[PDB]
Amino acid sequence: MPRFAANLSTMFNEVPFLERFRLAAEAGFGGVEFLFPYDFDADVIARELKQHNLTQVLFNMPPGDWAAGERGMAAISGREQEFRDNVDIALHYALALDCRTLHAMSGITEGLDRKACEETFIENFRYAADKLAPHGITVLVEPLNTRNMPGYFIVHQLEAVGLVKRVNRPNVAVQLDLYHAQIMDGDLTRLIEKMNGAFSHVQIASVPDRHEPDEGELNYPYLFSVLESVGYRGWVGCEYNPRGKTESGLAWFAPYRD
């Protein structure tokens, strides 16, 4: 059976962020993920994890000015020192939370020169890989989709696999969010099979409405069986927006809880 991590940025929003750790643990999650811890003290989040017996599975490096529309800078020429400084900040939190996996966001690159962007991506990902390797931490690239994130740098799975091969660092891989993969690429069983050994994290949400993985066009129980068949033993992040109250939606998770 796969192991599932509650996404505390999208789930349990009935309560403030710090209260979500307890609710996830009481719902039977052993792991959590979220986008950004940076508005909270690392020591406080560490204590949330310890007190509620939770593993920190994933979070993102600083994205730049989110309020101003920034969605990362890994692929934006000229922001390299900024990106490098943000790796230090992400590493501080990753060590505090004993987190082994970090997503480095690439940015909105529409209207920029594609070759310059890809070159900057490679340099930045190599730097991150080199800084994180001593700590056994992996950095990920996550393809998004053009409906939810128009103009984003990377929106196709095998293209991302190709970019990672160019990076040429063992602690770099793809974050495979099946919601995004279904919207942009499709052919998910054969895609997972082609990508086997090249993705270190998986995320799920219904398609097209991004709710619990028990509705919509994908048969998620089948896809769980595919992940198992290929020997995936990472975590599966629940990055969905609950239809209603978070816990009222958790029947799908009943077979997997604890």
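From 1 onward, residues are counted along the sequence shown.
- Higher mean CA B-factor, judged across 28-36 and 59-67 from the recorded values: 59-67.
- In this entry, 116-124 has the higher mean Cα B-factor, the comparison being between 176-184 and 116-124.
- You'll see in the entry that, of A74, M149, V139, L158, the Cα B factor peaks at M149.
- Split the chain's modelled residues into thirds by C-alpha temperature factor. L18 is in the lowest one.
- Annotation for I45: CA B-factor lies in the lowest third of the chain's modelled residues.
- Among all modelled residues in its chain, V230 ranks in the highest third by Cα B-factor.
- When all modelled residues of the chain are sorted by CA temperature factor, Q203 is found within the lowest third.
- In this PDB entry, the Cα temperature factor of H135 sits in the middle third of its chain's modelled residues.
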